[PDB]
Amino acid sequence: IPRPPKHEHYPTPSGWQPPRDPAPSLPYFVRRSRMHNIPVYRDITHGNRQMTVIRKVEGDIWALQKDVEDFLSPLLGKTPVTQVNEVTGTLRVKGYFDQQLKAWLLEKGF
Amino acid sequence: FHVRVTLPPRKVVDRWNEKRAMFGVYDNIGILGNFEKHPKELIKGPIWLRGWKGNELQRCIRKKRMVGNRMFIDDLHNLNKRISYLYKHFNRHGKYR
Amino acid sequence: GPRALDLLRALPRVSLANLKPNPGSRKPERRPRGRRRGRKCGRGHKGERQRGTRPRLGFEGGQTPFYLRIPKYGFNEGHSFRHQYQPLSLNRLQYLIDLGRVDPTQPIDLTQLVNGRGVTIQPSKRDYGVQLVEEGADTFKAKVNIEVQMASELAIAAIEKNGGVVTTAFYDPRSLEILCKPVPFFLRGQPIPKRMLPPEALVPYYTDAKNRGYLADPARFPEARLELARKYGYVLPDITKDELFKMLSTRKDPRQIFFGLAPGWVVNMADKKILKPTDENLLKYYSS
Amino acid sequence: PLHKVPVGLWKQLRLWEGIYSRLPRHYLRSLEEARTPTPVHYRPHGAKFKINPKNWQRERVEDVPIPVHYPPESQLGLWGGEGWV
Amino acid sequence: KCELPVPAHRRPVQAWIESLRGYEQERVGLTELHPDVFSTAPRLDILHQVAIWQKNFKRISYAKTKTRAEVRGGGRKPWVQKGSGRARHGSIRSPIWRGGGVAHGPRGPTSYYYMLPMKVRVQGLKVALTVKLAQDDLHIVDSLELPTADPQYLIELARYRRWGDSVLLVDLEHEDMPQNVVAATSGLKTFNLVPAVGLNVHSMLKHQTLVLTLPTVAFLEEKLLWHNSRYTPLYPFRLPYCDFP
Amino acid sequence: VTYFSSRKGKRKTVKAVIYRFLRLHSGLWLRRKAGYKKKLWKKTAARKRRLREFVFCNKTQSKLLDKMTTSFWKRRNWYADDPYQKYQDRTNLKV
Amino acid sequence: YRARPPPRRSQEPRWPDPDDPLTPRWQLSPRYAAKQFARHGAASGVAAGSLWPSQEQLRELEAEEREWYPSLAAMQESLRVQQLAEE
RNA sequence: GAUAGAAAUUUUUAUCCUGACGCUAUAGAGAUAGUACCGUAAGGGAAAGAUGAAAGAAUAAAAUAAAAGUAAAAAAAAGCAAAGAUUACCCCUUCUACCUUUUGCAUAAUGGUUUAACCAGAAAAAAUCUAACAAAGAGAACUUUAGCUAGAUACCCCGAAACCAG
Ligand SMILES: [K+]
Ligand SMILES: [K+]
Ligand SMILES: [K+]
Ligand SMILES: [K+]
Ligand SMILES: [K+]
Ligand SMILES: [K+]
Ligand SMILES: [Mg+2]
Ligand SMILES: [Mg+2]
Ligand SMILES: [Mg+2]
Ligand SMILES: [Mg+2]
Ligand SMILES: [Mg+2]
Ligand SMILES: [Mg+2]
Ligand SMILES: [Mg+2]
Ligand SMILES: [Mg+2]
Ligand SMILES: [Mg+2]
Ligand SMILES: [Mg+2]
Ligand SMILES: [Mg+2]
Ligand SMILES: [Mg+2]
Ligand SMILES: [Mg+2]
Ligand SMILES: [Mg+2]
Ligand SMILES: [Mg+2]
Ligand SMILES: [Mg+2]
Ligand SMILES: [Mg+2]
Ligand SMILES: [Mg+2]
Ligand SMILES: [Mg+2]
Ligand SMILES: [Mg+2]
Ligand SMILES: [Mg+2]
Ligand SMILES: [Mg+2]
Ligand SMILES: [Mg+2]
Ligand SMILES: [Mg+2]
Ligand SMILES: [Mg+2]
């Protein structure tokens, strides 16, 4: 897979925004995909269960969970139900919040 | 239900013979060999079962296709009866349907 | 990073004696033994249930089945002969360019899209190419010379706004299989064959200048291009004054498959050499 | 246990050994050539490709000869290449 | 020093370089190991899948018992159904009878062939190397030469350095293995020499100590890190590719 | 339904279903009303209109027809000038 | 112990014996010879002239494509007749 | 209707590395053997072996003394044969054998003298669980508007009168 070419202006017309040059001074870290996109995906089970999955997380995952909980708290009025999978490094959030999370992680530079 | 009254000679199995020490050495030939030989090209056994898997019906059908013309008369008949019975049982019998 | 590696120093060595599958990955199998799963084995009591001779699927017991009392109508009549076109959106076309999957410096055709993993074409499933859709016409800021098999009015207008070139060409399934997978074809040791003409049904689509057909009369393109510019209210760029005019004007002969190659050529990939015929009949047949 | 050579080739390999091997080559060459005989009963179709009247599509067609039984009485005369159907 | 680009947010892991030319010729240098291979996540359940896969991907059973159809005889009804006074039977080869077949037995040669996806197998090698390094079971040997062909030399060398009971020696290529090492390890059971292409999960877990040669370490990192940023195979990689010969 | 064929060992399909049903990619099946060509002079204007309308099939019928046809007919198809092309995907379904 | 030599796929061309009765049928077809040329070519030892259709084959190819695939002029005029007829 | 089902066109690198998550005398071939034996004939077709280094160590030696069945040792009011117990086996008190089949069986409805050996749930389209990678997945050929690939979870045994060919 070729590396993304350097652009004079960001974000690109397709919305793609390259990661910040320095690593953010945060405990957890979220690797980019092999296609250079934020690894936030939807997942549906039983036809009525809607979940959002954050993959490829290194470091203190519990820091990521707490930052997600108070980020989505004002939007919902309650702490969202989350699952932490340390053996894999995946945070699972009940509901369709993929678009909101991708913008949130992009601002933090992951 | 009578059991044997004498202790059998204990089998002294050596875990480090030639077979066990070199077991599964070249399983990653494709990954670490520029993808020149798939790991299915190391299987030793029947001609029709090298790198293939299936249930009992698909196995008997596959055997008849490849080595059918090389089988004996009696074996060729027994295979045909096995195919017919499995064909009738799998399609015309069972619980979930 | 992986703080679990610190825990591994204290723990004993990992060997074949202590390995456990992921919990929940292997549901245990239930066998018909014991009081619970016994004396009936989950079949029933008499009838065609316990003896396993219930009727076929869709049989309602003598009554006319649901799938036999509905009158026949043609929903899949001739579906195996209808042409299919994989849609490509300008949102995805912009996405590919920004990430370097494809480059606008070099002309883009169906082959370059496949190598860029943009679209996947299955010639066997009656796919005749890629159609351009106008899903992302508003945010399309690229300048490309793209060649597809079907285009829409808004998709053409969006590309021509930035100063691109759009052309529609027809590919026979025999040729389309070669075009989408060129390397496997070159390993078959066969001469490159001529591209076949579109059938009588598809002649008007590729002959009119409104669709930017490859077989269309070039004299009517400039007046057709200006109609789109007038219709959508965008100033038509003068493409002849750009430094990439040589690249943007590149086309293919109707009997030609690849760029710069000719029918009858044999590509010997092992020796990195190209073979060409010499007989008059061979040259005439591959060029007629 | 399986035969190394398929059963269908046993008769062909019978000709490659023994007295059959010393037979003149010209006789053997004519014997091994199994050319399809001239159609007598069935009526063949000239075109290799045909258009389906129902489907209106180009399809491939092949002539399949109709088996014919030749009684031993025929070998004593000249029936013109035909027999019981 | 690592050649392939190390990710910015992490740093390479380092390990001592040893030599086999002497008992005390240890710690003769320092080598950097790529974090994405030798410092990856400790997946102890992706090793279970690969370890089981290497055991049940070539197993072809050879058990075939004869069902009631394939038994020699029993083609006739033994006695008339009504009036005899005994239980009704239809053949003397049914599974009830003494000499009958098997109603449900192993039928023919059964093949257990299933292929895990390639990225799981590659992930299996990465975690095994990380586990070996994290538990001090990985030693790097420079160029893998031995003073003598006597097999007793390796036994005492491993005893002095506490290399455990079994040691797995690797080399980059088969024809390039030196004669001293080949002759020394050809007479030992717990010590085995395998080319770099013959490395896998089961061999690592079988031997309590893994020894990697410096040329092989660069070979492994080049092959295992290629899958992180690759495309799905349009056609098999044995066929020519633009940048993968 | 032939679960396992005798030539290739795959799963066959029932040609009766495809000749009189249309499967949308959302899982819904489409069919014609029964009796839309029989005795039209007898039926009223409203009744004839009702019989000429396409209708959907409930869950049991939809589930039944999915086990009678193979996986070739469940694929995503992009036909040219397909009237039902816009009905393939479901939208605004709050279940 | 010492491991067995790794299994390697040789890059040399292969040619089965045509006179062997046990050879596979697909290994004597003309398609196999062309595939060897595309694989090796220089080491295949097959004349490059065999890759193009012969004069007998070329006449067959010329007739089949002419009778079944019409010309652009024929297609254009055929549609004009139908358009005039329907109008 | 049940079901039957191609082709055009594609793919396939050689020799060694071969042995066993196959059985161990009701298993595995029927086999110690198509022999005894039953049939005029075609045909059907078995059960059966065990000491030790030496039996040219048979006043010979070692091993479990553990299936049903008997002996050592016949029985003493009263009862689905046992339990609650009791200083005490009974005596006392309390309990309508077991499976199958039925609206309902101690039923006088079915089957079993008892013992050992042998004898009956099998398939992965859709789905749920776990994981890899993710707008893409898969070691070609396909599926894709969070999907694709891999694993795990599944559907028995005995029996007719008959029918056809030699
Ligand atoms: K079934
Ligand atoms: K039960
Ligand atoms: K027997
Ligand atoms: K009775
Ligand atoms: K009864
Ligand atoms: K009973
Ligand atoms: Mg999902
Ligand atoms: Mg169950
Ligand atoms: Mg089961
Ligand atoms: Mg019971
Ligand atoms: Mg019952
Ligand atoms: Mg009933
Ligand atoms: Mg009726
Ligand atoms: Mg497709
Ligand atoms: Mg029989
Ligand atoms: Mg009979
Ligand atoms: Mg019977
Ligand atoms: Mg037996
Ligand atoms: Mg026996
Ligand atoms: Mg036994
Ligand atoms: Mg006893
Ligand atoms: Mg009493
Ligand atoms: Mg009662
Ligand atoms: Mg009653
Ligand atoms: Mg009942
Ligand atoms: Mg009774
Ligand atoms: Mg009764
Ligand atoms: Mg009785
Ligand atoms: Mg499934
Ligand atoms: Mg009849
Ligand atoms: Mg008869």
# chains A, B, ... in the order shown; residues from 1 in each chain; ligands from 1
>>> select_by_dssp(residues="region 1-196 of chain E", states="alpha helix (DSSP H)", output="PDB file with C-alpha atoms, in the first residue's frame")
ATOM      1  CA  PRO E  35       8.880  -3.596  18.244  1.00  0.00           C
ATOM      2  CA  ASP E  36       6.120  -4.727  15.868  1.00  0.00           C
ATOM      3  CA  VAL E  37       7.595  -8.262  15.749  1.00  0.00           C
ATOM      4  CA  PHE E  38       9.496  -8.941  18.985  1.00  0.00           C
ATOM      5  CA  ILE E  46      -3.770 -16.955  18.774  1.00  0.00           C
ATOM      6  CA  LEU E  47      -0.951 -19.388  19.559  1.00  0.00           C
ATOM      7  CA  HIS E  48      -3.509 -22.030  20.512  1.00  0.00           C
ATOM      8  CA  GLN E  49      -5.157 -21.767  17.094  1.00  0.00           C
ATOM      9  CA  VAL E  50      -1.846 -22.074  15.236  1.00  0.00           C
ATOM     10  CA  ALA E  51      -0.472 -24.837  17.472  1.00  0.00           C
ATOM     11  CA  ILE E  52      -3.649 -26.868  16.983  1.00  0.00           C
ATOM     12  CA  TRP E  53      -3.659 -26.030  13.264  1.00  0.00           C
ATOM     13  CA  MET E 118      -2.624 -15.948   6.401  1.00  0.00           C
ATOM     14  CA  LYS E 119      -2.643 -12.887   8.662  1.00  0.00           C
ATOM     15  CA  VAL E 120      -3.532 -15.125  11.621  1.00  0.00           C
ATOM     16  CA  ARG E 121      -0.610 -17.459  10.889  1.00  0.00           C
ATOM     17  CA  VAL E 122       1.723 -14.467  10.558  1.00  0.00           C
ATOM     18  CA  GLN E 123       0.341 -13.118  13.834  1.00  0.00           C
ATOM     19  CA  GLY E 124       1.108 -16.534  15.316  1.00  0.00           C
ATOM     20  CA  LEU E 125       4.817 -16.204  14.557  1.00  0.00           C
ATOM     21  CA  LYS E 126       5.013 -12.660  15.946  1.00  0.00           C
ATOM     22  CA  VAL E 127       3.509 -13.542  19.329  1.00  0.00           C
ATOM     23  CA  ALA E 128       5.663 -16.665  19.705  1.00  0.00           C
ATOM     24  CA  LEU E 129       8.849 -14.642  19.193  1.00  0.00           C
ATOM     25  CA  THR E 130       7.656 -11.980  21.646  1.00  0.00           C
ATOM     26  CA  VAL E 131       6.844 -14.619  24.275  1.00  0.00           C
ATOM     27  CA  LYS E 132      10.285 -16.191  23.827  1.00  0.00           C
ATOM     28  CA  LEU E 133      12.027 -12.826  24.193  1.00  0.00           C
ATOM     29  CA  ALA E 134       9.912 -11.646  27.135  1.00  0.00           C
ATOM     30  CA  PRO E 151      28.677 -32.840  20.218  1.00  0.00           C
ATOM     31  CA  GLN E 152      29.778 -32.700  23.867  1.00  0.00           C
ATOM     32  CA  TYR E 153      30.831 -29.067  23.378  1.00  0.00           C
ATOM     33  CA  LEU E 154      27.235 -27.909  22.881  1.00  0.00           C
ATOM     34  CA  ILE E 155      26.002 -29.896  25.889  1.00  0.00           C
ATOM     35  CA  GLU E 156      28.439 -28.229  28.285  1.00  0.00           C
ATOM     36  CA  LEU E 157      27.971 -24.821  26.643  1.00  0.00           C
ATOM     37  CA  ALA E 158      24.212 -24.945  27.234  1.00  0.00           C
ATOM     38  CA  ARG E 159      24.768 -26.216  30.780  1.00  0.00           C
ATOM     39  CA  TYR E 160      27.155 -23.359  31.584  1.00  0.00           C
ATOM     40  CA  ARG E 161      24.818 -20.662  30.229  1.00  0.00           C
ATOM     41  CA  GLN E 179      30.127 -28.168   8.855  1.00  0.00           C
ATOM     42  CA  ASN E 180      31.064 -27.829  12.537  1.00  0.00           C
ATOM     43  CA  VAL E 181      27.506 -26.980  13.598  1.00  0.00           C
ATOM     44  CA  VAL E 182      25.897 -29.612  11.358  1.00  0.00           C
ATOM     45  CA  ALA E 183      28.130 -32.432  12.598  1.00  0.00           C
ATOM     46  CA  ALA E 184      27.765 -31.332  16.228  1.00  0.00           C
ATOM     47  CA  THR E 185      23.953 -31.230  16.213  1.00  0.00           C
TER      48      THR E 185
END
>>> residues_around(residues="residue 67 (chain B)", least_positions_apart="4", cutoff="9 Å", atoms="only C-alpha atoms (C1' of nucleotides)", output="ChimeraX atom specification")
/B:47-48,62-63,71 /D:2,6
>>> closest_residue(among="H:157, H:92, H:63, H:105", to="ligand 23", atoms="only C-alpha atoms (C1' of nucleotides) and all ligand atoms")
H:105
>>> residues_near_ligand(ligand="ligand 2", cutoff="10 Å", atoms="only C-alpha atoms (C1' of nucleotides) and all ligand atoms", output="ChimeraX atom specification")
/C:32-44
>>> interface_residues(of="chain A", to="chain C", cutoff="9 Å", atoms="only C-alpha atoms", output="MDAnalysis selection string")
chainID A and resid 1:5 7 12:16 27:29 35:36 58:60
>>> write_last_selection(atoms="C-alpha atoms", output="mmCIF file, in the first residue's frame")
data_model
loop_
_atom_site.group_PDB
_atom_site.id
_atom_site.type_symbol
_atom_site.label_atom_id
_atom_site.label_comp_id
_atom_site.auth_asym_id
_atom_site.auth_seq_id
_atom_site.Cartn_x
_atom_site.Cartn_y
_atom_site.Cartn_z
ATOM 1 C CA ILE A 1 0.000 0.000 0.000
ATOM 2 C CA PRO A 2 1.582 3.328 -1.015
ATOM 3 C CA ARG A 3 1.997 6.053 1.563
ATOM 4 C CA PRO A 4 -0.424 8.987 1.229
ATOM 5 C CA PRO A 5 1.113 11.758 -0.888
ATOM 6 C CA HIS A 7 -0.742 17.741 0.280
ATOM 7 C CA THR A 12 -8.078 16.815 1.843
ATOM 8 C CA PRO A 13 -11.268 17.139 -0.248
ATOM 9 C CA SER A 14 -12.232 13.554 0.641
ATOM 10 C CA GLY A 15 -12.029 14.432 4.349
ATOM 11 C CA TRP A 16 -8.828 12.492 5.025
ATOM 12 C CA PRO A 27 -1.375 7.060 27.939
ATOM 13 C CA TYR A 28 -3.391 5.127 25.362
ATOM 14 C CA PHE A 29 -2.710 5.175 21.629
ATOM 15 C CA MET A 35 -5.511 2.043 4.657
ATOM 16 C CA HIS A 36 -4.777 5.098 6.865
ATOM 17 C CA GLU A 58 -2.253 0.152 22.800
ATOM 18 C CA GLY A 59 -1.568 1.277 26.346
ATOM 19 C CA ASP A 60 -3.970 1.922 29.225
#
>>> interface_residues(of="chain B", to="chain E", cutoff="6 Å", atoms="only C-alpha atoms", output="mmCIF file with N, CA, C and O atoms, in the first residue's frame")
data_model
loop_
_atom_site.group_PDB
_atom_site.id
_atom_site.type_symbol
_atom_site.label_atom_id
_atom_site.label_comp_id
_atom_site.auth_asym_id
_atom_site.auth_seq_id
_atom_site.Cartn_x
_atom_site.Cartn_y
_atom_site.Cartn_z
ATOM 1 N N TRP B 16 11.659 -37.251 22.167
ATOM 2 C CA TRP B 16 12.643 -36.598 21.312
ATOM 3 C C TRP B 16 13.219 -37.540 20.265
ATOM 4 O O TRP B 16 14.439 -37.610 20.097
ATOM 5 N N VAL B 25 7.856 -28.923 10.793
ATOM 6 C CA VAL B 25 8.948 -27.972 10.611
ATOM 7 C C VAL B 25 8.627 -26.981 9.498
ATOM 8 O O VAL B 25 8.699 -25.763 9.694
ATOM 9 N N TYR B 26 8.252 -27.478 8.320
ATOM 10 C CA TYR B 26 8.052 -26.631 7.151
ATOM 11 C C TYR B 26 6.592 -26.237 6.957
ATOM 12 O O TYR B 26 6.134 -26.098 5.818
ATOM 13 N N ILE B 29 6.257 -22.772 5.024
ATOM 14 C CA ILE B 29 7.065 -22.648 3.816
ATOM 15 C C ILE B 29 6.544 -21.519 2.935
ATOM 16 O O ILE B 29 7.325 -20.755 2.356
ATOM 17 N N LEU B 32 7.310 -17.825 4.607
ATOM 18 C CA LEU B 32 8.713 -17.436 4.660
ATOM 19 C C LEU B 32 9.499 -17.940 3.453
ATOM 20 O O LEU B 32 10.713 -18.137 3.536
ATOM 21 N N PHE B 35 6.243 -17.296 -1.145
ATOM 22 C CA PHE B 35 4.992 -17.884 -1.624
ATOM 23 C C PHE B 35 5.212 -18.711 -2.890
ATOM 24 O O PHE B 35 4.600 -18.482 -3.932
ATOM 25 N N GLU B 36 6.105 -19.692 -2.779
ATOM 26 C CA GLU B 36 6.389 -20.590 -3.889
ATOM 27 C C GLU B 36 5.713 -21.945 -3.757
ATOM 28 O O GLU B 36 5.443 -22.589 -4.776
ATOM 29 N N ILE B 43 1.208 -32.504 2.146
ATOM 30 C CA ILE B 43 0.377 -33.560 2.709
ATOM 31 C C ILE B 43 0.695 -34.877 2.019
ATOM 32 O O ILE B 43 0.749 -34.955 0.785
ATOM 33 N N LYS B 53 -11.184 -31.401 1.890
ATOM 34 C CA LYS B 53 -11.965 -31.769 3.061
ATOM 35 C C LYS B 53 -13.436 -31.819 2.679
ATOM 36 O O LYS B 53 -13.896 -31.020 1.859
#
>>> residues_around(residues="residue 264 (chain C)", least_positions_apart="2", cutoff="6 Å", atoms="only C-alpha atoms (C1' of nucleotides)", output="PyMOL selection string")
chain C and resi 191-192+286
>>> residues_near_ligand(ligand="ligand 12", cutoff="8 Å", atoms="only C-alpha atoms (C1' of nucleotides) and all ligand atoms", output="list in words")
residues 45, 46 and 47 of chain C
>>> residues_near_ligand(ligand="ligand 28", cutoff="9 Å", atoms="only C-alpha atoms (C1' of nucleotides) and all ligand atoms", output="PyMOL selection string")
chain H and resi 110-112
